[PDB]
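Asks: Give me the fold of what follows.
(8 chains)
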Amino acid sequence: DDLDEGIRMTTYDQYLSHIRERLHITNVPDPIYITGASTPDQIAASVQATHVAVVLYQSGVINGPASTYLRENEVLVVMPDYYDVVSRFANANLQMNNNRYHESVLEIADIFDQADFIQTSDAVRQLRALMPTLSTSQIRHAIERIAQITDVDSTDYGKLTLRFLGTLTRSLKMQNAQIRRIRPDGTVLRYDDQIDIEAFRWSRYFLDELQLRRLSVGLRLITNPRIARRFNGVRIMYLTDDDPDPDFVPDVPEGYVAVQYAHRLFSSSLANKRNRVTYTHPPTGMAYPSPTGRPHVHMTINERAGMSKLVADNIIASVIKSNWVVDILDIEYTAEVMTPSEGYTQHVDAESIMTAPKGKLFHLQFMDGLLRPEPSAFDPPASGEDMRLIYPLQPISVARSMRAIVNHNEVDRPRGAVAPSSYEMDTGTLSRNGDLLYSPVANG
Amino acid sequence: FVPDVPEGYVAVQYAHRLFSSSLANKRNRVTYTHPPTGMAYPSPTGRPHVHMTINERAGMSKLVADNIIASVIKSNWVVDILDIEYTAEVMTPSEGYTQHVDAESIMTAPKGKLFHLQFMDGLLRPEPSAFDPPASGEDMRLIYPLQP
Amino acid sequence: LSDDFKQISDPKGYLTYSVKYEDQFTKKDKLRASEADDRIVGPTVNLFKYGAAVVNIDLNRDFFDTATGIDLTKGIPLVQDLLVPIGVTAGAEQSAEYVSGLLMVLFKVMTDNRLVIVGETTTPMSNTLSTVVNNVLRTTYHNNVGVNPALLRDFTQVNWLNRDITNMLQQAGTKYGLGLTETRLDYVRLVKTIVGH
Amino acid sequence: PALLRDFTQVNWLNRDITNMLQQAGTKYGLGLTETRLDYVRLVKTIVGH
Amino acid sequence: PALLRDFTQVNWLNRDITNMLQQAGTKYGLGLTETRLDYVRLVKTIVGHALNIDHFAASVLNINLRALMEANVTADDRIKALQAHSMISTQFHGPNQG
Amino acid sequence: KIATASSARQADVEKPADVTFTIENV
Amino acid sequence: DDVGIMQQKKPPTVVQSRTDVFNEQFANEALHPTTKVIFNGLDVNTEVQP
Amino acid sequence: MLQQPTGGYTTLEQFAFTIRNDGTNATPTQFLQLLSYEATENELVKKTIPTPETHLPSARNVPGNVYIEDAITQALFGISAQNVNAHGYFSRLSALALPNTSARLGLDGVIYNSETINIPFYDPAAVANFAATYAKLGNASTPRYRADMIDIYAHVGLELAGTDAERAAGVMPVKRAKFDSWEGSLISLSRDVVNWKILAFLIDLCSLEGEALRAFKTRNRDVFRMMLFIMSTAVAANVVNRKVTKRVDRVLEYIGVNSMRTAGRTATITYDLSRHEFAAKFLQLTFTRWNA
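Replies: Residues are numbered from 1 along each chain as shown, chains lettered A, B, ... in the order given. Please find the structure below.
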């Protein structure tokens, strides 16, 4: 089975936030619950009734014909929770497994056929995933800040200004909010075209149509890989500076052994009248007081936060003397790509990479040494060796359109030279409706 | 203590012809060609474990000497310089090392110079307290006796 | 009238090419374009000049200005004091600034109410242009042509680049074009006729 | 002492504290834990830290 | 004179020069040309230029170039000359022999 | 002479639209 | 492909100066490429040949 | 996608290899006819080639379209090729080795990550077979995996100069090649070879099996010999001219003996040590495949 293939399913909270109000607004019966005695024909009648291909799950183990129907028709089951999901399905083949699934964003547009009530896409979810979880006051701070940037006097917004109670702030959070009539009890009523005006039907995130149209293009821009120039993680490996390409990531050598960093791996210990920072290899169990003579380790450091200066220094010393590879994942960095004539203006000692606060943004520099000209035949030999420690874990030249605009010889291309993508030049046409289009590839 | 040459090292007589400048990736590196295999190693970092023997440092390029010590450090070469004569002093751990000899001088002095190496007898060195935190850093020795 | 838009000529984009040069490289031969072809192809040739070490695609700092709060001196948009800790000053060079940058970028795009009006435009005679340029040109074009690598064709003195760009431009699936074009909206009026460039 | 976890350089202590904090019967927390809004004003009243 | 074609305002000259240049047996050319020695290096690449110059001088300049091109003098040669002029066991180091 | 490096980036020119009083067509 | 005539920019050149005995430490090691070299007097190729 | 012909992609006239001979087009074999050898007192015995390492460069994602054909041909035959051992290209080659990769090898020899339908490309199974060995060019420089740069050249000489009897025997006298030649013949030949679409050659060398592979090896022996010839001129200790009866005969001493020369010279292309590593590795793989 392809990762795309299987039984689509989502948590009830997602259904409530995103699918349910839309169903309410389209005047269709609420989707049927699926007990263990649900025929595929019933699910079909439900799906054609709601025009949505969604069924809530109620209770019991679902029979296999229903499962094959749900799978063949890509129907989205809604679940109370993700505990013991396999227990909810009959397994004629026992192929289903709690660990065998593929989490992925599924745009509402792939479900609903009515474009009128769908303003965004997956891009907003991705952008939100970038955001730290915010307390309501942090949300208010964000909104007040954006208001400050756009020269709005946001004073008293979101606040009750009482004569005797003073000012009181209420939460500005109201994600997915809709305008709705309430019964005098205070409880919400479902939208009714008969009494409520059409404008209150769906709120469109309280944005102007044109603002939405533009918001779409902006979302495409924001999630473009070229703009995604904030990188996570740095491999630390003691190697000679051979490769011109900035985006070089040394491979871990064949003999190396992966080891997650943990405080427990390092200890004080006696060794030849010294209290050396012994390291114990998790496989062999062997203790190694000296940074020299340690087994080839590919150590991963997900979080530096508790690490002692002694241990960090010992890890670096192992990188250098025992030839460790240490992938530090906690690091986030911008990455300027220097050209050989401009050198490295900024420097990062190993200590600072190992001790910088989490959540601070490092600014690494990486030479593109492809434009270094050949040495003279009579330049004195270098007895020494230029070395390098820091490397990216991911491609860094994401913004790079072209490279090495010079001739090797007069006619040959320099190795690693980069032509502009054809797409940068395609300037096709306007669509029938005015959207930009690339030229047709094949004539048909 | 005279460290034993580890198994798998290859004996190689030093000769002037083993080292030369050569182009290697946009630099004129001091290349070393390994007499068994014949292979050239532009950099000190990748070289085969070699038990080089230097019967005489006369005529040796200083760049080559830097290269050989570099291979001592990076390629873990064991080089034995028989030309050298030295007096020795055994320091007690309490008096420490009052003198040091650069590998540069070991490599560049005229034959007939008499180096004075010092050595610690660390037998009486104090043992660390059981609860004292480890210190960073590591003592290393580069020059060794060939004889008791 | 309500000022719903921001009429402007010669629009600036969200993305622009940035370029780092190694100045020691310089072709010995001096290419001699006609004055017209230099009027069109010039700003392109000048920017992707021989010796360009890298050519990046950055967010246009001129558009995502400090007035939006965005800083772009690094690889990424960065906005201070948007996503912050409460009860303490936010640390300098905090990573969350990147996310704020994206928000302010998204927002700034969401609110771009620019409405292009045709700027000054030349109409070269065909004979005044090299044929390769003339095939791309469509009668008129703005005197402020931006840059496009497609213009480098038969103009860059770098051989492999010319060969590669010529390949992509001779593919059926990609056709560079510049200047006034036959839009579906041609001859539609709105006090003034709409046209495509 | 619960805060010492993965910060104390003393190994056994961090191991013991990690072990306790990983038991079902005990869980350190550094609140806020419980807001209570008013029924009319809809602003927070009594929080539990 | 081959450049005079379609440029001299003398009609008969243009007609005659055009005749000679349209003969198969004579082809004027100017500027950079595809020599057999293209891409050969000698610190710098060799190239050919069809220059307006008498063939004697062209010949001599070509001779001199090929003379330099074939010499294959290297550092080893000069090192050897130095060794001949040095006290009998001096050692020389530096440039790659070639 | 020392080898050097230098950058460039395409300039903005987005002016507000000119207010002409001449007209192209009858 | 051509040889550089202008003075090229180079990585910083730290001279390690190894002796018979020393205490190696790698706190504040540079991350950028660096040319560690062992001897102080490496300008040895003096005699220019015209 | 181009379906591979039962004879291999080299059967297609689009991939035909040719070299100018004093400026006129000619098959490599009829250039090799002009070659003549004067044997010397020394001998080339061919040691067995060590079997190539199982390890492959990590199939790391990289931005852009790698131009692998030009990288290999430049590393082998180009004037002063640079960055021959830069890893990225080869990581992409290893990505081509994967069972269900989205990467494609264009007939241009460019490697595309996207499935770009507009550009014709070699059959993915065949390029998987080709990359599965040739990505090992990527670890040419790693000390663990450096190929012998000296003894392998015996094989080169055997496959070039060696008479069928010597090729059977596995030993030949060390030889001095020579041919009637024009100015810059070795550079021009190297230029003629660097333009070759050798990916078709290697892909056919890997994907083909049984009778087809053998017929390919006989049909293409002269091509491989021209490649070997360019390399051998790059490594020959000495190359000179000999005036005889108003005709210059180019002379390369010696075939099959790598001098480990690195300094550039007028007469031929030249390997920097990195190029030497690369060519040695390439020869290790290519002869391992050719002799099986």
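
Asks: So residue A:141 lies in a strand, does it not?
Replies: No: under DSSP: H, G, I helix; E, B strand; the rest coil, residue A:141 falls outside any strand and is assigned helix.

Asks: residues contacting it?
Replies: With contact set as C-beta atoms under 8 Å, 6 or more residues apart in numbering or on different chains, residue A:141 has these partners: C:82, C:84, C:86. For every residue, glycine as well, the C-beta is placed using N, CA and C.

Asks: what about residue E:20, distance to chain G?
Replies: 41 Å (C-beta to the nearest C-beta, to the nearest Å).

Asks: oh, I was asking about residue A:163
Replies: Distance, residue A:163 to chain G, by C-beta to the nearest C-beta: 62 Å.

Asks: Highest neighbour count among the contacts of residue A:141?
Replies: Neighbour counts for the contacts of residue A:141 (other C-beta atoms under 10 Å in any protein chain shown) peak at residue C:82, which has 24 neighbours.

Asks: tell me which element that one is part of?
Replies: Secondary structure assignment for residue C:82, by DSSP states H and E: no helix or strand.

Asks: For the contacts of residue A:141, give me JSON lines that also has distance to residue A:208.
Replies: Below are the contacts of residue A:141 laid out as JSON lines (distance: C-beta to C-beta, whole Å):
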{"residue": "C:82", "distance to residue A:208": "23"}
{"residue": "C:84", "distance to residue A:208": "29"}
{"residue": "C:86", "distance to residue A:208": "32"}
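
Asks: Give me every residue in chain G lying close to chain E.
Replies: Taking C-beta under 8 Å from any C-beta of the partner chain as the criterion, chain G approaches chain E at residues G:2-3, G:44-45, G:49.

Asks: Show me which of the contacts of residue A:141 is closest to chain E.
Replies: Distance to chain E across the contacts of residue A:141 (C-beta to the nearest C-beta) is lowest for residue C:82, with 56.6 Å.

Asks: Residue C:98 is in contact with the closest one, correct?
Replies: No: contact criterion C-beta atoms under 8 Å: residue C:82 and residue C:98 do not qualify, at 10.6 Å.

Asks: still on that earlier bit, for residue C:150, state which of the contacts of residue A:141 is nearest.
Replies: Nearest to residue C:150 out of these is residue C:82 (C-beta to C-beta; 38.3 Å).

Asks: one step back: tell me the two of the residues of chain G next to chain E that are most distant?
Replies: By the measure C-beta to C-beta, G:2 and G:44 form the most distant pair in those, at 27.2 Å.

Asks: Which parts of chain H are helices?
Replies: Using DSSP state H, the helices of chain H run over residues H:28-32, H:68-77, H:87-96, H:124-134, H:152-160, H:164-169, H:185-194, H:198-207, H:211-219, H:221-235, H:273-290.

Asks: Against chain B - does the longest one have any residue that ends up touching it?
Replies: Yes: with C-beta under 8 Å from any C-beta as the measure, helix H:273-290 is seen reaching chain B through H:273-274, H:276.

Asks: now do the third one
Replies: No: using C-beta under 8 Å from any C-beta as the criterion, no contacts between helix H:87-96 and chain B are found, and the smallest distance is 12.7 Å.

Asks: Show me what that helix is in contact with.
Replies: So helix H:87-96 is in contact with A:243, A:245, A:247-248, A:250-251, A:415-416, H:56-62, H:66-68, H:71, H:101, H:103, H:105, H:111, H:113, H:127-128, H:130-131, H:134-135, H:137-139, going by C-beta under 8 Å, 6+ apart.

Asks: and if we set it to 6 Å?
Replies: By C-beta atoms under 6 Å, 6 or more residues apart in numbering or on different chains, the residues outside helix H:87-96 that reach it are A:243, A:245, H:56-57, H:59-60, H:62, H:66, H:68, H:71, H:101, H:103, H:111, H:127, H:131, H:135, H:137-138.

Asks: and the closest residue to chain G within chain E, what are its phi and psi?
Replies: Using C-beta to the nearest C-beta, residue E:94 is the residue of chain E that sits closest to chain G, at 4.7 Å. The phi/psi pair for residue E:94 (degrees, to the nearest 10) reads phi 140, psi -110.

Asks: does it really touch residue G:45, like I thought?
Replies: Yes: shown here, residue E:94 and residue G:45 form a contact pair, counting by C-beta atoms under 6 Å, at 4.7 Å.

Asks: which of those two has more neighbours?
Replies: Regarding residue E:94 and residue G:45, a neighbour count based on other C-beta under 10 Å identifies residue E:94 as having more, with 21 against 18.

Asks: residues in contact with the more buried one?
Replies: Residue E:94 makes contact with residue G:45, according to C-beta under 6 Å, 6+ apart.

Asks: quick check, the top helix by length along chain C touching chain A?
Replies: Scanning chain C for the longest helix, with DSSP H as the assignment, gives helix C:96-110. Yes: residues of helix C:96-110 contacting chain A under C-beta under 6 Å from any C-beta of the partner chain: C:98-99, C:102, C:106, C:109-110.

Asks: Pick out the most distant pair among the residues you listed.
Replies: Farthest pair in the residues of helix C:96-110 next to chain A (C-beta to C-beta) is C:98 and C:110. Separation: 18.6 Å.

Asks: Many thanks, have a good one.
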